[PDB]
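Working notes for the structure below.
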Amino acid sequence: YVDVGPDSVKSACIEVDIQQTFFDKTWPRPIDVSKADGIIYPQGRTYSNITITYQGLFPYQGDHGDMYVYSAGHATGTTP
Amino acid sequence: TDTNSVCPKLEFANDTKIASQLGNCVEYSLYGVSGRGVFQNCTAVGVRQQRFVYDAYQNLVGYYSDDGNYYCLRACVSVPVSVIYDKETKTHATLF
Amino acid sequence: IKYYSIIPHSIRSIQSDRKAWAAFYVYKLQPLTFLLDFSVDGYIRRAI
């Protein structure tokens, strides 16, 4: 078993404030296949200056997906 | 499906290399992909990290060698033959 | 693997020193048939 290091020294893990309303926004960034968005390249070979059909694992054209945002925490002056 | 990654470790001595064989019809076994063809020096094309370069019809047409050169790959070609036959004199010639 | 989740991450920065962190989008994958255009350098610049 890979040794990963010491366990946590602190007992009291920090508090998190769940406020979904702040993160619930809209910023549409749909898949635009016309500029090859989210395309996994064929993982065995390569081609040059051609156009071919290919069966693989791609996302839907125009799909909006799920948006996620990360934010800073609460802080008073100089103390998170 | 079309990707193979475990292959027989065979030594390349020194005369068994892509270089010093350009223009000759040779057998090849490159990283588990084997066949017969003629190698040449072509200008680089395709994506380097995916050393094998194919065409629309799943034919290998290029290769990225460990020496840092892009080698341009073909198939060994046949010489067509026909026979010119005269029945009365029972004479024949060969057209290539 | 049958399930996954995103792990939240907060930046414990100073109230007077805070940045904006770009939102990221997750799109699922399906077994579809695409039409891909490979250029001379081998990159896919457009598909259908």
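Ordered as shown in the structure tokens, chains take letters A, B, and onward, while each chain numbers its residues from 1 and ligands are numbered from 1 in the order shown.
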
Next item on the list: Please give the complete set of residues from chain A that DSSP, run on the backbone, assigns to strand (DSSP E or B), formatted as a ChimeraX atom specification.
Entry: /A:46,50-58,66-68,71-72

Write the residues of the preceding selection, restricted to C-alpha atoms, as a short mmCIF file (atom, residue, chain, number, x, y, z; two decimals), in the first residue's frame.
data_model
loop_
_atom_site.label_atom_id
_atom_site.label_comp_id
_atom_site.auth_asym_id
_atom_site.auth_seq_id
_atom_site.Cartn_x
_atom_site.Cartn_y
_atom_site.Cartn_z
CA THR A 46 -3.03 10.23 -36.87
CA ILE A 50 -8.44 14.47 -45.04
CA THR A 51 -12.02 14.25 -43.81
CA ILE A 52 -13.46 10.99 -42.50
CA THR A 53 -16.23 9.60 -40.34
CA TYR A 54 -15.18 8.18 -36.99
CA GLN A 55 -16.96 6.24 -34.25
CA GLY A 56 -15.92 7.32 -30.77
CA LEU A 57 -16.97 9.04 -27.53
CA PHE A 58 -17.96 12.65 -28.22
CA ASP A 66 -23.04 21.48 -16.05
CA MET A 67 -21.42 24.69 -14.82
CA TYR A 68 -19.40 24.84 -11.61
CA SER A 71 -15.24 31.06 -4.71
CA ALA A 72 -13.16 32.65 -1.98
#

Next item on the list: Please report as a list in words which residues of chain C come no farther than 8 Å from chain B, using only C-alpha atoms.
Entry: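 Contact residues on the first chain: residues 39, 40, 41, 42 and 43 of chain C.
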
Would you mind exporting the chosen residues as a compact mmCIF listing (two decimals), in the first residue's frame, restricted to C-alpha atoms?
# COMPACT_ATOMS: atom_id res chain seq x y z
CA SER C 39 -5.46 19.36 -41.47
CA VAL C 40 -1.92 18.93 -42.82
CA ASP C 41 -0.40 19.17 -39.33
CA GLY C 42 -2.86 16.50 -38.21
CA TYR C 43 -5.05 18.50 -35.82

Next item on the list: Could you tell me which of A:38, A:44, A:28, A:62 comes closest to chain B if we count only C-alpha atoms?
Entry: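 Looking at the shortest contact to chain B, the residue is A:44.
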
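Nearest residue to residue B:65 among B:51, B:36, B:9, B:92 is B:51, counting only C-alpha atoms.
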
With a cut-off of 6 Å, could you pull out the residues of chain C touching chain A and give me the nearest pair of atoms for each, distance in Å to one decimal, using only C-alpha atoms, ordered by chain and ascending number, as a Markdown table?
| residue | atom | partner | partner_atom | distance |
| --- | --- | --- | --- | --- |
| C:10 | CA | A:72 | CA | 5.1 |
| C:11 | CA | A:72 | CA | 4.3 |
| C:12 | CA | A:73 | CA | 5.3 |
| C:14 | CA | A:78 | CA | 5.3 |
| C:15 | CA | A:75 | CA | 4.9 |
| C:23 | CA | A:69 | CA | 4.5 |
| C:24 | CA | A:68 | CA | 5.4 |
| C:25 | CA | A:67 | CA | 4.5 |
| C:26 | CA | A:66 | CA | 5.1 |
| C:27 | CA | A:65 | CA | 4.6 |
| C:28 | CA | A:59 | CA | 5.9 |
| C:29 | CA | A:59 | CA | 4.8 |
| C:30 | CA | A:57 | CA | 5.2 |
| C:31 | CA | A:57 | CA | 4.7 |
| C:33 | CA | A:55 | CA | 4.5 |
| C:34 | CA | A:54 | CA | 5.4 |
| C:35 | CA | A:53 | CA | 4.3 |
| C:36 | CA | A:51 | CA | 5.6 |
| C:37 | CA | A:51 | CA | 4.3 |
| C:38 | CA | A:49 | CA | 5.1 |
| C:39 | CA | A:49 | CA | 4.2 |
| C:40 | CA | A:49 | CA | 4.5 |
| C:42 | CA | A:48 | CA | 4.8 |
| C:45 | CA | A:36 | CA | 5.6 |
| C:46 | CA | A:36 | CA | 4.8 |
| C:47 | CA | A:36 | CA | 5.6 |

Neighbouring residues of residue B:18 were defined as those with any atom within 9 Å, considering only C-alpha atoms; residues of the same chain fewer than 5 positions away were excluded. Please report them as a compact mmCIF listing (two decimals) with C-alpha atoms, in the first residue's frame.
# COMPACT_ATOMS: atom_id res chain seq x y z
CA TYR B 28 9.03 -4.06 -40.98
CA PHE B 39 10.58 3.60 -46.80
CA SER B 65 11.12 6.92 -36.14
CA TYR B 71 9.68 8.19 -42.87

Next item on the list: Compute the chain B side of the contact with chain A at 12 Å, counting only C-alpha atoms, and hand it back as a VMD selection string.
Entry: chain B and resid 1 to 5 31 to 33 44 to 64

Checklist line | atom CA of residue B:83 to atom CA of residue B:95, distance in Å rounded to a single decimal | finding: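 Between atom CA of residue B:83 and atom CA of residue B:95 the gap works out to 6.1 Å.
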
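Of the residues under consideration (B:81, B:7, B:93, B:42), B:7 shows the shortest atom-to-atom contact distance to residue B:29 when counting only C-alpha atoms.
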